[PDB]
Structures are given as structure tokens and as C-alpha cells.
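Remarks on the structure that follows.
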Amino acid sequence: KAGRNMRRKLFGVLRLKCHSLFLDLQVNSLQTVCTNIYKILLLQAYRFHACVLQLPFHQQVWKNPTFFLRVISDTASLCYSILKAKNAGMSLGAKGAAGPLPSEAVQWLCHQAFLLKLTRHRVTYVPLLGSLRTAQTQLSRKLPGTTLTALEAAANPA
Ligand SMILES: N[C@@H](CCC(=O)N[C@@H](CS)C(=O)NCC(=O)O)C(=O)O
Ligand SMILES: N[C@@H](CCC(=O)N[C@@H](CS)C(=O)NCC(=O)O)C(=O)O
């Protein structure tokens, strides 16, 4: 427990730096880009949960659920902005895909990563799991680009 916390704290910045180097669809496969942005978002979800555990006892999650959901949304926006900048010089012969990832896909990966972590602590996060679970289908009805299952593949490896 104290060993896991030490490892997350120690490797946080380095892991994020490393993942950020594999987001360029010009040189990387789409599967790689999706996996690495997802691993970034999952890392962020763990940091999120750590930060929530140290909120005052009266600052319950059901008390201000807009705050937490917006934090989650802002995470997707920020990772998406990073991804955009990293893919700015993309050309027609890019290895990754014909299309650089829409914000819908980064959003989907974000909600996925947060759900996986937040379902482990339902007693704390039952107010949020409602809105996030719909957003998944809200986005799954917004864009089933087939590649939706290629996103599910990136959220799968252990
Ligand atoms: N992410 C690289 C491989 C490099 C690698 O494995 N190093 C980092 C990820 S950038 C790491 O922390 N290892 C994998 C993990 O622990 O999830 C790739 O997809 O080809
Ligand atoms: N502690 C985070 C790593 C991120 C981090 O280093 N930031 C804060 C977390 S709010 C920190 O300095 N750690 C103090 C703590 O959680 O005891 C984690 O468990 O993943």
C-alpha cells in the first residue's frame, strides 16, 4: 500500500512524459496512439482518486457533482489539446490514420478510464457513474466509427 503510493508518486511525471512521446499518428499506429493517451488518462484517474481521498469529510462527492464531472471533462480537453499539437504537422501519408482523433474519441477514452477506476469505489462515486455511463452511449450513439471497438481494444490490455 505504502509501496504502491511511493511508486505512483515516483513514476508519475516520467510515465506521463514517456506516454506523450507515442501520440504522433505520423509515426505511430492508431492503436498505439489510443493506448498511450488512454494510459495517460488512467494515470490521471488515479491522481484524481488520490486527490478526492484527501478532501475534507464534509466535501462529499454527491454534494457538488458538477465540480467533479467538470474536472473529468477538463482532463479530456487537456489531453485532446496535447494530442492535437503533437499531430499538427501530420501529412497525407501518416502511418496512424487517415483522420487525426476527434475529441469524441479522447472523451470516450477519458470516461472509460475514469469509470474503470471509479467503479472500484462505488460508495464514494455512485453520484458520478450515472452521468459518465450515459456519456459513453451518448458518444457511442454520436460516433460508432467501427473504430469504437478499436478504442475498446486500447482500454482492454492488462
Ligand atoms: N509505450 C511504448 C512502449 C514503451 C514502454 O513500455 N514504456 C512505458 C510506456 S510509454 C511503460 O511505462 N511501460 C508500459 C506500462 O507500464 O504500461 C509502445 O507502446 O511502444
Ligand atoms: N499520489 C498520486 C500521485 C500524484 C501526486 O504526486 N500528487 C499528489 C496527490 S494529491 C501528492 O503529492 N501525493 C500526496 C498523497 O497523495 O499522499 C497517486 O497516488 O497517483
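Numbering starts fresh at 1 for the residues of each chain in the C-alpha cells, the chains themselves are lettered A, B, ... in the order given, and ligands are numbered from 1 as they appear.
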Neighbourhood of ligand 1 at 12 Å, counting only C-alpha atoms and all ligand atoms, reported as a ChimeraX atom specification: /A:7-8,11-24,27-40,42-43,154-158
At most 10 Å from ligand 2 (only C-alpha atoms and all ligand atoms): residue list as a ChimeraX atom specification: /A:2,4-13,42-55
Distance criterion (only C-alpha atoms): nearest to residue 138 of chain A out of A:75, A:66, A:81, A:107: A:107
Point-to-point distance from atom CA of residue 26 of chain A to atom CA of residue 91 of chain A, Å rounded to tenths: 7.1 Å
Coordinates-based distance that separates atom CA of residue 149 of chain A from atom CA of residue 136 of chain A (Å, one decimal): 12.6 Å
